[PDB]
Amino acid sequence: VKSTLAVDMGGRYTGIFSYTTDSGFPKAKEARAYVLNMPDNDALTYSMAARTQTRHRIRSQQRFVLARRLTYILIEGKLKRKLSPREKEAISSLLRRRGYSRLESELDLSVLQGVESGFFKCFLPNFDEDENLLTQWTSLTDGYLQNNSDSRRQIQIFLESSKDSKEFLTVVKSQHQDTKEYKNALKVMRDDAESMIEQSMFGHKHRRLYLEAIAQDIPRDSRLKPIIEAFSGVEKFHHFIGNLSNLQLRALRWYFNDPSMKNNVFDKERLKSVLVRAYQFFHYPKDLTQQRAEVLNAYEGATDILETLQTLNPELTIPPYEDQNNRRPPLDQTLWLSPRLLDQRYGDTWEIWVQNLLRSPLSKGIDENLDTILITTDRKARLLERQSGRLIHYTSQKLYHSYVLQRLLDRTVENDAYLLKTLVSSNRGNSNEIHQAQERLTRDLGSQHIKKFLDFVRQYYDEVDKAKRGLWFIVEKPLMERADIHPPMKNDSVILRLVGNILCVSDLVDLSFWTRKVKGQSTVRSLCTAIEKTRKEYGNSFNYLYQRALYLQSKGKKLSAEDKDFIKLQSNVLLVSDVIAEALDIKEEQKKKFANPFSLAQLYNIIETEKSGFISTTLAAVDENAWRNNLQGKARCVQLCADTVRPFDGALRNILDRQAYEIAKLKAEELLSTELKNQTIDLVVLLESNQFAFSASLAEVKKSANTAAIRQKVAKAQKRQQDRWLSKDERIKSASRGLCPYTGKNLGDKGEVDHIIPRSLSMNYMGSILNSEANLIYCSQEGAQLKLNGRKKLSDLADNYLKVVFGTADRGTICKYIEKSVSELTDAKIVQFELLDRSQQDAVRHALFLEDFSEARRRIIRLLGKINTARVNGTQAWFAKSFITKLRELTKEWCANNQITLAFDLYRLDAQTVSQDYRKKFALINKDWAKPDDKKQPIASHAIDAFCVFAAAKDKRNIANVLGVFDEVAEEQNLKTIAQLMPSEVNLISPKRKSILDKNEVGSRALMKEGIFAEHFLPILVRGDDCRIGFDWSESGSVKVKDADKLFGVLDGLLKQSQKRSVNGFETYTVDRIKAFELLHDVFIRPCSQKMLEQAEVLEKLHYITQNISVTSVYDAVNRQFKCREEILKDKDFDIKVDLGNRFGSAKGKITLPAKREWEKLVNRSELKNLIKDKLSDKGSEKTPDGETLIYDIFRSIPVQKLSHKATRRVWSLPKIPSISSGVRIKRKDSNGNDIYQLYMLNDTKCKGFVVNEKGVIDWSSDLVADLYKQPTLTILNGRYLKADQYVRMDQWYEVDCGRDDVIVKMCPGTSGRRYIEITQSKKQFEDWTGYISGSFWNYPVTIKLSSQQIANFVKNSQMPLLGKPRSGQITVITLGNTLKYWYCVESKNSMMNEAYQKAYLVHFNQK
RNA sequence: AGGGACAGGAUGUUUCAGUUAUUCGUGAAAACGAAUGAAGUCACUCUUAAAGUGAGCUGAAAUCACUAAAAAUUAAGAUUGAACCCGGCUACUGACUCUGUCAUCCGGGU
DNA sequence: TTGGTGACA
DNA sequence: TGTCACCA
Ligand SMILES: [Mg+2]
Ligand SMILES: [Mg+2]
Ligand SMILES: [Mg+2]
Ligand SMILES: [Mg+2]
């Protein structure tokens, strides 16, 4: 009947405490504890940044390919002959390295003319005393652009000497110049020369510079002369090439988006239509209107699109900035009472209700604006109906009735309503006023319709209660509906409807202050702009979030915002408001209630920022809300409900989706494990919590680059959060000034914190009366031994305590004083208990000791009790929606089969409340449930947090009634009861991405690592009978072959031949790369003859892999120190092992890669000869910081200046032999259609399992490649064909006999070279095998990393060769407890594990 | 500021090819320039003048596969998201033009 | 992190 | 066949 889920969201770790029970709170069993170890972005990718970067790399490559296709098509159409390879190469050279179109600016100057160089001398060394900075900067714009030594030195000194400003403070205080101008100059002046870095060295050039370069060097290219002659001029060909180079990927795509375009057909009309469509796509700047007109008149009016390209100027066709503002606009979240669902539920009856209620005089004036606001579509369903032109449900009359009905339902309790929300409530008591409401309702609406009307009204208010809680998705049968349509962006027509919400004006038709002026020219312009400048140019003081006033609503320090900013604002505020004071009066609300200097004013992001995106809701919703909140009319209805917007952080949405899926999956397994088969309504209530630690830990997982700064600011936020200590200024300070309030005295430094209204009496009240600050008290434990959970009156307090606190011991006098003092402070002031003065705060606290008939007693209790129902955050709302949807999806079959009904409810628990008020109590009771001070809470402590969330929700009244766990039992017995409920085991869930072996769209996974590896075959040198494999005849360059005849007999058909060119010279045989790769692919992809197998084997003997690595690799960037020759010239990077057997000529040895000579002459360069030492021990403490720049200067050189369109060189490299991992060759085609082979490395698993024969014998040696790699263009390096009639999967677990009964060992193949081992054993036995302590299992990490000594101890003490050792000591825990389950990947497989799993597999296989 | 998306830029890695220079100013050659579309330099092994090999340089091409005209394809998968194309202005949204066209929009499809 | 590959003995 | 290092 009752299913409960307590979840603590903490980012990486999400604790869970779940139970499904029939009678109240569960037994000791039926309760389960889980922690989700959510993998980081590397193990499970949530962010799309890498995917998007790969997509745009692909799109840039495709843009170039399609531009080259179109250029060849057009040049061959005009040429009327096929382009030769030389002409194609020249054209592609013209097309390569087209310039950029963004991130460039010329200059500006506003403040440099008004500063003195005599005071800038502290940062500028060479400018004279009386010089002006503007002229010097104008000279520098040319000096540094010419890379003049003096100008660059001056700017470098300007940047280097301005690191401190202590002297400049005295300078400005000695002459009293305006610091704002000099600060502006320094903040627009002290920028690094990006315009030089990414112009001269990095090769970034603007599109206009690219066009000028190609115009310069098209004549000089002799390959283009036939094409220039065909185009009848260099200028025309330049215009053609530049116009084609300006096309985006989408234009070329549109041209080539046709199956017949694979023939490269030149279509005149298609190209014209594409070019017209291409440049009509752009939103041009207002300045470029004439350029847009020129381009569109050229293309649209083109009688010959090729001649238009030849004549239209390329500089005009450079596309403007990508105005992607309309990409996926926001959807309005407003909830609307729907005539569609009202007609689905009921017939014409509901419109009859609306008409009957409209006939009543009390409905006078409710439909004033429905003649005008109904014209604007407000929902998605109405949009669909109007698009179809077949309005049925949303006919204007039905919509009028829906709006009127919603206004009647959303009527405020004071606005002449029928006391709805009271006739509906189950607590409706027989009263005269409820009659004076219901009789009016039945007089107006009628007598027959009233039952159905009130059922509808109850359903409506239940739905809006869910909606305002952020849980509108729980209803499962909505009667309102979301808008789901885009609102317009903030244009003037919309600001007309948004100005009134701030100025509190009843209505506004024209922007007369802007259209026609009132108080001269500056009625608004520059006058409110002074206020805007004050808002924006004070940096972090005024408009910045994380301010004290706005981040936590502490209202500044005390008042430090007023006397520093608003005193300056006051004059402008008066001047602006004098205009509206003539046209509007209000009850002083236009400037003292609605408009404020800060906080609720929000003028910064509504009125003072034009457009700036989309408005929140559609204009229909805005008009409805403005009418309901009638301002001058003192409101008429409650504002429209809205659904919770999805989280803006997409990676957060993915993380929450995965967490919700995992938790809903485990809850589905838990409910499906039950034997329920009746019509029972199973209510699933979820309890959730989180805090700033959630954001701090989700800065991780995402692995955000800002994680340093995010944690830097969240650490300050967390310090502020923890600063709320001593229960908000309590203990020995507030309630008592010392000693104890009940007898006691001589308290000392230690006491205890106790309540005034304990659990038993508090359970009769709602909300936070049980735990509020005004309820808690500090007392001696012996003093609190009496009246443990009973009412505490004034007389129970010690007389001396009242004499110290209030000055007299008379209870009557003190209660009269409390009644006097508490009445002076308003409700909203006493609720904010921290803002109170200590006398007032103690009066509020003591108000609880008064009897029930007291006014202060009842007022304080009915304030602190019904304080709030904590709304879920947007992130929490998203997680809740995802979990509820996925659980209700995964259990649909089970609920259908067993006729179960999953009712859902949800409540939030404050993280600070549970951690401070239940976690510490459970630390008292157990001492293993205490919160550590490790600066990061451990894994099982999140399951502890979830259990404490359940415990806290037990004491919340409404939750307890809806949870089935309501009881008035005292604290002691309750804490001794719920402590019995916490299980001794914690299951750890570590979500994983789908293995590429199991996912059908393998393209969603990165198949190959970026970076291509060079593939080489060792040359074969023959000089008579003397045959060597290698490069030279030196013993270090080649190895000898005992019998060359066998090697050549094998490789007859695969060797090229270089003849002697002399009589005593040798012959060089090189493997033909094309035939070698074809043969290796054939032996990988199909069964081949033994000749081909031998040929592939010998080819792989001759095969070696190299890859160029930058010459800067001789420098260690982290240590800022050069590496030694022992590290640079390590033999592992240069030696090739030759192991030709007796079958293949018996050549055995090692060959040094001849790139080692290049590396040697690199480390022996005269500039680097002394900076690089010879041995590791010789590399002492000396460090050189500018080594990388030195190497760049080594290899950078100036060219002959042949071509303006030449690529710059930035990386110089030499080959080395790298460490490889699952090499794969990819067969592709060059631009001429010739097959090219390039070697990559697999990014993921290579083998799908192991082959098992018809007798169940697992082949542990043969690698069974996955089927996605068995393509006609893919060749797995060293791969052989293998047929698997049946095979064992890598994820196939079987328990291993292992010859023991105290342990349970399971293993699976897991990985080709390493098995996975899962061990279930006692925690004490694990701590005996390993030198691992970690205290209790509640402090254990999910990822245990044994030290090398601990690894050796585990291996030795296990006495189990079939366990191996964990790889790098990493152990992943699956369950925590007295019995421990964990799994690990073995460091290396051994035959005992293989034999044991073979026996386990045979046990199942022979069973069949 | 977060996220997503568009537009890409530039350098890399690999494959292929060329290259290990030739003519003129002027011819002493001091003396290096120019041009040949660009590049044209070093190292080792060979033993006769040519070479083999490796590197550098220059140019282009390729730079996940199925897979190819375009698209999707480097996220996730229990589900989805995003992208792109086609049709439409009956209509939510954006741009503009003399306001009806075009879209990032809507509806479908992959 | 992890699936692979080399060298060593 | 295990062992130890290394790669992105
Ligand atoms: Mg892609
Ligand atoms: Mg390769
Ligand atoms: Mg390279
Ligand atoms: Mg279209």
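Structure determination for the deposited model, as stated in its record, used cryo-EM, and the stated resolution is 2.83 Å.

Moving on, we get to the packing of helix α20 (residues 396-409) against helix α29 (residues 619-628). It is the contact of α20 with α29, at a shortest axis distance of 12 Å, that shows an interaxial angle of 40 degrees. Put simply, α20 runs oblique to α29. Where α20 crosses over α29, the two elements pack in a sense that is right-handed. Counted together, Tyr-403, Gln-406 and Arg-407 of α20 and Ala-620, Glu-624, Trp-627 and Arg-628 of α29 form the full contact between these two elements. Looking at the contact of α20 with α29 residue by residue, the class counts come to three nonpolar, one polar and three charged.

On to the protein's contact with RNA strand B. Not every one of the 145 residues close to RNA strand B is listed here, only the nearest: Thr-52, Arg-98, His-486, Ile-1012 and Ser-1213. Counting only atoms of RNA strand B within 4 Å of the protein, the fraction found in sugar and phosphate groups is 73%. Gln-324 is positioned such that a nitrogen or oxygen atom in its side chain is 2.8 Å from a sugar or linking oxygen of RNA strand B. Looking at which element gives the most residues to the surface near RNA strand B, the answer is helix α1 (residues 49-79), with 18 residues. Here the surface near RNA strand B is built from residues that sort into 48 nonpolar, 42 polar and 55 charged.

On the surface, a cluster of positive charge is made up of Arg-59, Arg-253, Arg-327, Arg-328 and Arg-646. As for its placement among the helices and strands, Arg-646 is situated in the loop between α29 and α30 (650-672).

Let us look at the protein's contact with DNA strand C. Every one of the 17 residues lining DNA strand C counts as a neighbour, but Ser-1221, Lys-1246, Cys-1247, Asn-1278 and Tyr-1316 are closest to it. Per the 4 Å cut-off to the protein, sugar and phosphate atoms form 61% of the nearby atoms of DNA strand C. Interatomic distance of 2.7 Å between a side-chain N/O atom of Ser-1221 and a base nitrogen of DNA strand C. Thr-1311 has a polar side-chain atom sitting 3.2 Å from a phosphate oxygen of DNA strand C. Taken together, the residues that form the surface near DNA strand C break down as three nonpolar, eight polar and six charged.

Applying the stated criterion across every chain, the model contains 56 aromatic pairs. Seen from their ring centres, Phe-168 and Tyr-182 are 6.0 Å apart, and the 50 degrees between their planes marks the pair as tilted. Here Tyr-182 lies in helix α7 (residues 179-189) and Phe-168 lies in helix α6 (residues 166-175), a separation of 14 residues in the sequence. Look at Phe-168 and you get buried, because its relative accessible area is 6%. Measuring from centroid to centroid gives 5.6 Å for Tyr-1294 and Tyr-1401, while their planes differ by 85 degrees, and the two rings are edge-to-face. With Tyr-1294 in strand β31 (residues 1294-1296) and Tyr-1401 in helix α55 (residues 1391-1407), this residue pair connects regions lying 107 residues apart in the sequence. No difference in accessibility class separates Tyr-1294 from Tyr-1401, as the two residues are buried.

Along an α-helix, residues three or four apart share an orientation, since each turn contains 3.6 residues. Listed in full, the buried residues belonging to α7 are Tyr-182, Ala-185, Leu-186 and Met-189. The buried side chains of α7 occupy one side of the element, clustering within an arc of 95 degrees when seen end-on. Exposed residues lying more than 90 degrees from the buried face of α7 are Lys-183 and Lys-187. Lining the buried residues of α7 we find α3 (117-120), α4 (133-143), α5 (149-160) and α6. If you check the start of α7, you find a side-chain oxygen 3.0 Å away from the backbone N of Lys-180, and it comes from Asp-178.

In this model, helix α23 (residues 492-503) (12 residues) spans 16 Å end to end at C-alpha, consistent with the 16 Å of a helix rising 1.5 Å per residue. Among the residues making up α23, those that are buried are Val-494, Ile-495, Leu-498, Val-499, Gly-500 and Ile-502. Turning to α23, the residues buried within the fold contact β6 (489-490) and α29. Capping of α23 at its N-terminal end is provided by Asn-491; its side-chain oxygen lies 2.8 Å from the backbone amide nitrogen of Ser-493. Remark: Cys-504 follows α23 within two positions and exhibits a positive phi of approximately 65 degrees.

To continue, consider the environment of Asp-1133. When you line up the elements, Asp-1133 lands in the loop between α50 (1125-1128) and β22 (1135-1140). Separated by 83 residues in the primary sequence, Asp-1133 and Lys-1216 place their C-alpha atoms 5.6 Å from one another.

Turning our eyes to something else, we now look at the environment of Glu-1254. On the secondary structure map, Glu-1254 appears in the loop between β27 (1247-1251) and β28 (1264-1265). For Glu-1254, a relative accessible area of 56% gives the class exposed. Between the alpha carbons of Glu-1254 and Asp-1285 there is a distance of 8.5 Å; along the sequence they are 31 residues apart. Filtering out sequence-adjacent residues up to four positions away, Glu-1254 remains in contact with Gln-1286 and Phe-1405.

Mapped onto the fold, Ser-854 is located in the loop between α39 (838-846) and α40 (855-864). Among the polar contacts listed, one links the side chain of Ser-854 to the backbone oxygen of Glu-851, at a separation of 2.8 Å.

So, about a negative patch on the surface. Together, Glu-116, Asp-128, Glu-129 and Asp-130 line one region of the surface with negative charge. Considering the arrangement of structural elements, one finds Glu-116 in the loop between α2 (85-95) and α3.

Glancing now at unusual backbone geometry. At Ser-727, a position not held by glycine, the phi torsion is positive, near 50 degrees. Relative to the assigned elements, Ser-727 resides in helix α33 (residues 726-729). Phi angles above zero are rare outside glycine, and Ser-1368 is one such case at about 55 degrees. Tracing the sequence through the fold places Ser-1368 in the loop between α54 (1348-1358) and β35 (1370-1376).

Position of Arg-1315 among the secondary structure elements: in the loop between β32 (1304-1308) and β33 (1316-1322). One buried charged side chain, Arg-1315, makes no salt bridge at all; its nearest oppositely charged neighbour is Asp-1259, positioned 9.4 Å away. In this structure the side chain of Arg-1315 is engaged in a polar contact, spanning 2.8 Å, whose partner is the backbone oxygen of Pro-1309. Of the polar contacts made by the side chain of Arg-1315, one reaches the backbone oxygen of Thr-1311; its length is 2.3 Å. Contacts of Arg-1315, omitting those with residues within four sequence positions, involve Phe-1250, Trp-1260, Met-1307, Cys-1308, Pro-1309, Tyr-1384, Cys-1385, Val-1386, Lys-1389, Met-1393 and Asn-1394.

Another aspect to go through is the sheet that holds strand β17 (residues 1055-1058). One key point about sheets: their strands pair by backbone hydrogen bonds, in either a parallel or an antiparallel sense. Pairing within the open sheet is antiparallel, and its five strands lie in the order β16-β15-β14-β18-β17. Each end of this open sheet is capped by a strand with a single partner; those strands are β16 (1038-1040) and β17. Mean inter-strand twist for the sheet, computed between neighbouring axes without regard to direction, equals 25 degrees. Two strands pair when backbone bridges link them, and strand β14 (residues 1020-1023) and strand β15 (residues 1026-1030) are joined in this way by four bridges, in the antiparallel orientation. Each residue of the ladder has a partner; that of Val-1022, found in β15, is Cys-1027.

About the cut-offs
- Residues numbered from 1 in each chain as written, not as in the entry; some residues may be left out.
- Chains lettered and ligands numbered in written order.
- Heavy atoms only, no water.
- Residues with missing side-chain atoms left out of burial classes, pairs and counts.
- Axes fitted to C-alpha atoms, helices over the stretch in contact; angles between N-to-C directions.
- Helix = DSSP H or I, 4+ residues; strand = E, 2+ residues; numbered from the N terminus.
- Parallel < 35°, antiparallel > 145°, perpendicular 65-115°, else oblique.
- Left-handed = near helix turned anticlockwise from the far one by under 90°.
- Contact = heavy atoms within 4.5 Å.
- Nonpolar A, V, L, I, M, F, W, Y, C, P; charged D, E, K, R; others polar.
- Near = heavy atom within 4 Å.
- Polar contact = N/O pair within 3.5 Å; in protein donor to acceptor, adjacent residues only side chain to side chain.
- Patch = residues over 30% accessible without salt bridge, like charges linked within 9 Å, V, L, I, M, F, W, Y side chains within 5 Å.
- Areas by Shrake-Rupley, 256 points an atom, 1.4 Å probe, with all protein chains shown as cover.
- Salt bridge = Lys/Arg side-chain N within 4 Å of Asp/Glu carboxyl O.
- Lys, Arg positive; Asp, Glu negative; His and termini not counted.
- Charge placed at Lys NZ, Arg CZ, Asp CG, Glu CD.
- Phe/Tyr/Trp six-rings, centres within 6.5 Å; stacked < 30°, edge-to-face > 60°.
- Buried < 20%, exposed > 50% of the residue type's maximum accessible area, 1.4 Å probe, protein only.
- Arc of directions from axis to C-beta.
- Expected span 1.5 Å × (residues − 1).
- Pairing = 2+ DSSP bridges.

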